[PDB]
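**Student:** Build me a model:
(one chain, ligands or ions: 1)
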Amino acid sequence: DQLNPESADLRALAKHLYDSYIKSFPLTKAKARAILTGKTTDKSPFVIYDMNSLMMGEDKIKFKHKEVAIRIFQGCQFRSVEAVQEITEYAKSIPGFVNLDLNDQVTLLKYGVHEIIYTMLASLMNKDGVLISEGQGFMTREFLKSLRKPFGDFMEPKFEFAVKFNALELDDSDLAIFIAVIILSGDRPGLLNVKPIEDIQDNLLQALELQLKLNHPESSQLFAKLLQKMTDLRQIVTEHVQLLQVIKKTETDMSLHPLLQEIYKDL
Ligand SMILES: CCO[C@@H](Cc1ccc(OCCn2c(C)ccc2-c2ccc(SC)cc2)cc1)C(=O)O
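**Tutor:** Numbering: from 1, shown residues only. Have a look at this structure:
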């Protein structure tokens, strides 16, 4: 750790990513945690904890998307497609990203967006449930587990991931760099020019390590633990696609949103 022009550049990169992240993502972790504790001055979210409150909340909240379990399943797909858009806008602000070959930009987003979705879902989760509709609702973990087979399973691994990930106590300034690192992964299948991606990622990794050393004086293991989480996330994505296939095997009339079908196609 020294104050030299390289470290000043790395702090400027971290600040740029934070400022962009705040612009691209409506509900930050900082705001989400204030809502979850009730410390916000905003109105409380509507809590969905059973079938009755699900129906009352659908009448209260403007959801942009059958029976209950299918409606929730579809609402998650619609949120996912929205999130793809937000993450794409964020990726355009990562220095160097839009100068990569446009096919590599697309490949990096295809293989990275779900890892980012699950990372940022953790910001909205506690032990009891998840904030939905940019904080207007809160849907409980046990209500999700109560949905009829084969729909009662798919959020559980995401809550399990979140409980452990949230224990690391990252803030938005940390997360903005972490999710840039994930997007700039040079080992995604089918990339045309790996070296320029790795060069960007190495710089982001340096910015992340410096940020974590400055921002978390009471951990020295945090960077290594975050590299571990990046591997965990790929397992969560794969397991989710497998879950979706199982659902399709028995609910053959289910269909994924066409954009998710393309992302999952060669995945
Ligand atoms: C099954 C598809 O899974 C997806 C991956 C996936 C899984 C869960 C998920 O939570 C989203 C929960 N949320 C948020 C954070 C805002 C609005 C909703 C919401 C509001 C209302 C409802 S229904 C009243 C549902 C959701 C987002 C993406 C994929 O494979 O791309």
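
**Student:** any idea how far residue 60 lies from the ligand?
**Tutor:** Distance from residue 60 to the ligand, counting by C-beta to the nearest ligand atom, to the nearest Å: 11 Å. Where C-beta positions appear, they are placed from N, C-alpha and C, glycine not excepted.

**Student:** swap that for residue 8, please
**Tutor:** Using C-beta to the nearest ligand atom, residue 8 is found at 36 Å from the ligand.

**Student:** And for residue 15?
**Tutor:** Distance from residue 15 to the ligand, by C-beta to the nearest ligand atom: 26 Å.

**Student:** can you pull out the helices in this protein?
**Tutor:** Counting by DSSP state H, the chain has helices at residues 5-24, 29-37, 51-60, 68-92, 102-123, 141-145, 156-166, 172-183, 194-215, 222-250, 258-265.

**Student:** Which neighbouring residues are in contact with residue 129, exactly?
**Tutor:** By C-beta atoms under 8 Å, 6 or more residues apart in numbering, the contact set of residue 129 is 47, 49, 138-141, 143-144.

**Student:** export those residues to JSON lines and tack on neighbour count and distance to the ligand?
**Tutor:** JSON lines is the format used below for the contacts of residue 129 (neighbours: other C-beta atoms under 10 Å; distance: C-beta to the nearest ligand atom, whole Å):
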{"residue": "47", "neighbour count": "16", "distance to the ligand": "12"}
{"residue": "49", "neighbour count": "17", "distance to the ligand": "13"}
{"residue": "138", "neighbour count": "22", "distance to the ligand": "10"}
{"residue": "139", "neighbour count": "23", "distance to the ligand": "7"}
{"residue": "140", "neighbour count": "16", "distance to the ligand": "12"}
{"residue": "141", "neighbour count": "20", "distance to the ligand": "12"}
{"residue": "143", "neighbour count": "20", "distance to the ligand": "10"}
{"residue": "144", "neighbour count": "22", "distance to the ligand": "9"}
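
**Student:** and the one residue in the stretch 51-200 of the chain that gets nearest to the ligand, how many neighbours does it have?
**Tutor:** Residue of the stretch 51-200 of the chain nearest the ligand, by C-beta to the nearest ligand atom: residue 75 (2.9 Å). As a burial measure, residue 75 scores 17 neighbours (other C-beta atoms under 10 Å).
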